[PDB]
Amino acid sequence: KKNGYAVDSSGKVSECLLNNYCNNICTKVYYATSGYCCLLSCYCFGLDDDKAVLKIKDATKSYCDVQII
């Protein structure tokens, strides 16, 4: 279980019309505990499987940490 940018099967992000949805999908498919619209992608926190999660920039990580962690 890690944290990462959740892309479904080929780098297409897990959408995110709204944070709760990102989170839900990510628990459902990746086995996150949560996730949301980080700066320009679905973050997830807990992705157990890792499809090919994207490479977060420090500033984006940092920005998108304190939020939940």
# chains A, B, ... in the order shown; residues from 1 in each chain; ligands from 1

call {"tool": "residues_around", "arguments": {"residues": "residue A:67", "least_positions_apart": "4", "cutoff": "12 Å", "atoms": "only C-alpha atoms", "output": "tab-separated table (two decimals) with N, CA, C and O atoms, in the first residue's frame"}}
result
chain	number	residue	atom	x	y	z
A	34	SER	N	-8.05	6.17	0.41
A	34	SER	CA	-8.70	7.35	-0.16
A	34	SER	C	-7.93	7.93	-1.35
A	34	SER	O	-7.12	7.23	-1.95
A	35	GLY	N	-8.18	9.19	-1.71
A	35	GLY	CA	-7.75	9.80	-2.97
A	35	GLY	C	-8.66	10.98	-3.27
A	35	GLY	O	-9.66	11.17	-2.57
A	36	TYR	N	-8.32	11.77	-4.28
A	36	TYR	CA	-9.01	13.01	-4.61
A	36	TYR	C	-8.37	13.62	-5.85
A	36	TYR	O	-7.32	13.16	-6.28
A	37	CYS	N	-8.96	14.70	-6.37
A	37	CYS	CA	-8.32	15.51	-7.39
A	37	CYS	C	-7.13	16.25	-6.78
A	37	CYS	O	-7.29	17.34	-6.24
A	38	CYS	N	-5.93	15.67	-6.85
A	38	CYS	CA	-4.71	16.43	-6.63
A	38	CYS	C	-4.49	17.28	-7.88
A	38	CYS	O	-5.09	17.01	-8.91
A	43	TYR	N	-5.01	11.61	-7.19
A	43	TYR	CA	-4.19	10.99	-6.18
A	43	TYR	C	-4.96	9.84	-5.60
A	43	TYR	O	-6.19	9.90	-5.52
A	45	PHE	N	-4.25	7.39	-1.88
A	45	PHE	CA	-3.59	7.02	-0.65
A	45	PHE	C	-4.05	5.60	-0.37
A	45	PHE	O	-5.20	5.40	0.01
A	60	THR	N	3.80	18.97	-5.80
A	60	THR	CA	2.45	18.42	-5.87
A	60	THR	C	2.21	17.44	-4.72
A	60	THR	O	1.14	17.45	-4.13
A	61	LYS	N	3.20	16.60	-4.38
A	61	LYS	CA	3.13	15.69	-3.25
A	61	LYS	C	2.85	16.50	-1.99
A	61	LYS	O	1.86	16.29	-1.32
A	62	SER	N	3.76	17.42	-1.72
A	62	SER	CA	3.74	18.31	-0.57
A	62	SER	C	2.38	19.00	-0.47
A	62	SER	O	1.70	18.89	0.55
A	63	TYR	N	1.96	19.68	-1.55
A	63	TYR	CA	0.64	20.29	-1.68
A	63	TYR	C	-0.45	19.31	-1.27
A	63	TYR	O	-1.36	19.65	-0.51

call {"tool": "closest_atom_pairs", "arguments": {"of": "stretch 11-61 of chain A", "to": "stretch 2-5 of chain A", "cutoff": "8 Å", "atoms": "only C-alpha atoms", "output": "JSON lines"}}
result
{"residue": "A:13", "atom": "CA", "partner": "A:5", "partner_atom": "CA", "distance": 7.4}
{"residue": "A:41", "atom": "CA", "partner": "A:5", "partner_atom": "CA", "distance": 6.4}
{"residue": "A:42", "atom": "CA", "partner": "A:5", "partner_atom": "CA", "distance": 5.7}
{"residue": "A:43", "atom": "CA", "partner": "A:5", "partner_atom": "CA", "distance": 4.6}
{"residue": "A:44", "atom": "CA", "partner": "A:3", "partner_atom": "CA", "distance": 5.6}
{"residue": "A:45", "atom": "CA", "partner": "A:3", "partner_atom": "CA", "distance": 4.4}
{"residue": "A:46", "atom": "CA", "partner": "A:2", "partner_atom": "CA", "distance": 5.0}
{"residue": "A:47", "atom": "CA", "partner": "A:2", "partner_atom": "CA", "distance": 5.6}
{"residue": "A:48", "atom": "CA", "partner": "A:2", "partner_atom": "CA", "distance": 6.7}
{"residue": "A:53", "atom": "CA", "partner": "A:5", "partner_atom": "CA", "distance": 5.0}
{"residue": "A:54", "atom": "CA", "partner": "A:5", "partner_atom": "CA", "distance": 4.7}
{"residue": "A:55", "atom": "CA", "partner": "A:5", "partner_atom": "CA", "distance": 6.8}
{"residue": "A:56", "atom": "CA", "partner": "A:5", "partner_atom": "CA", "distance": 6.8}

call {"tool": "select_by_dssp", "arguments": {"residues": "stretch 11-55 of chain A", "states": "strand (DSSP E or B)", "output": "NGL selection string"}}
result
:A and (13 or 34-38 or 41-45 or 54)

call {"tool": "write_last_selection", "arguments": {"atoms": "N, CA and C atoms", "output": "PDB file, in the first residue's frame"}}
result
ATOM      1  N   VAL A  13      -5.838   8.716 -16.093  1.00  0.00           N
ATOM      2  CA  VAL A  13      -6.174   8.913 -14.693  1.00  0.00           C
ATOM      3  C   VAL A  13      -7.573   8.375 -14.382  1.00  0.00           C
ATOM      4  N   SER A  34      -8.047   6.173   0.413  1.00  0.00           N
ATOM      5  CA  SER A  34      -8.700   7.350  -0.161  1.00  0.00           C
ATOM      6  C   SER A  34      -7.925   7.927  -1.352  1.00  0.00           C
ATOM      7  N   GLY A  35      -8.178   9.187  -1.713  1.00  0.00           N
ATOM      8  CA  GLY A  35      -7.745   9.804  -2.968  1.00  0.00           C
ATOM      9  C   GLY A  35      -8.663  10.977  -3.270  1.00  0.00           C
ATOM     10  N   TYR A  36      -8.316  11.772  -4.281  1.00  0.00           N
ATOM     11  CA  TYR A  36      -9.015  13.005  -4.615  1.00  0.00           C
ATOM     12  C   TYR A  36      -8.371  13.622  -5.849  1.00  0.00           C
ATOM     13  N   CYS A  37      -8.958  14.704  -6.366  1.00  0.00           N
ATOM     14  CA  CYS A  37      -8.321  15.514  -7.393  1.00  0.00           C
ATOM     15  C   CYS A  37      -7.131  16.247  -6.777  1.00  0.00           C
ATOM     16  N   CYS A  38      -5.934  15.666  -6.851  1.00  0.00           N
ATOM     17  CA  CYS A  38      -4.713  16.428  -6.632  1.00  0.00           C
ATOM     18  C   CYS A  38      -4.486  17.283  -7.883  1.00  0.00           C
ATOM     19  N   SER A  41      -4.410  15.395 -11.267  1.00  0.00           N
ATOM     20  CA  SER A  41      -4.736  13.975 -11.398  1.00  0.00           C
ATOM     21  C   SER A  41      -5.407  13.447 -10.131  1.00  0.00           C
ATOM     22  N   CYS A  42      -6.077  12.297 -10.250  1.00  0.00           N
ATOM     23  CA  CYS A  42      -6.444  11.471  -9.109  1.00  0.00           C
ATOM     24  C   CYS A  42      -5.187  11.050  -8.376  1.00  0.00           C
ATOM     25  N   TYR A  43      -5.013  11.611  -7.189  1.00  0.00           N
ATOM     26  CA  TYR A  43      -4.193  10.995  -6.178  1.00  0.00           C
ATOM     27  C   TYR A  43      -4.960   9.844  -5.601  1.00  0.00           C
ATOM     28  N   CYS A  44      -4.216   8.896  -5.053  1.00  0.00           N
ATOM     29  CA  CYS A  44      -4.721   7.924  -4.160  1.00  0.00           C
ATOM     30  C   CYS A  44      -3.705   7.691  -3.056  1.00  0.00           C
ATOM     31  N   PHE A  45      -4.246   7.394  -1.877  1.00  0.00           N
ATOM     32  CA  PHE A  45      -3.587   7.024  -0.649  1.00  0.00           C
ATOM     33  C   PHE A  45      -4.049   5.596  -0.367  1.00  0.00           C
ATOM     34  N   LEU A  54       1.440   7.216 -11.621  1.00  0.00           N
ATOM     35  CA  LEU A  54       2.283   8.276 -12.142  1.00  0.00           C
ATOM     36  C   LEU A  54       3.181   8.874 -11.070  1.00  0.00           C
TER      37      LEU A  54
END

call {"tool": "atom_distance", "arguments": {"atom1": "atom CA of residue A:69", "atom2": "atom CA of residue A:1"}}
result
14.6 Å

call {"tool": "select_by_dssp", "arguments": {"residues": "chain A", "states": "alpha helix (DSSP H)", "output": "PyMOL selection string"}}
result
chain A and resi 19-29+58-63

call {"tool": "atom_distance", "arguments": {"atom1": "atom CA of residue A:22", "atom2": "atom CA of residue A:68"}}
result
14.2 Å

call {"tool": "atom_distance", "arguments": {"atom1": "atom CA of residue A:9", "atom2": "atom CA of residue A:59"}}
result
25.6 Å

call {"tool": "closest_residue", "arguments": {"among": "A:66, A:10, A:49, A:17", "to": "residue A:29", "atoms": "only C-alpha atoms"}}
result
A:49
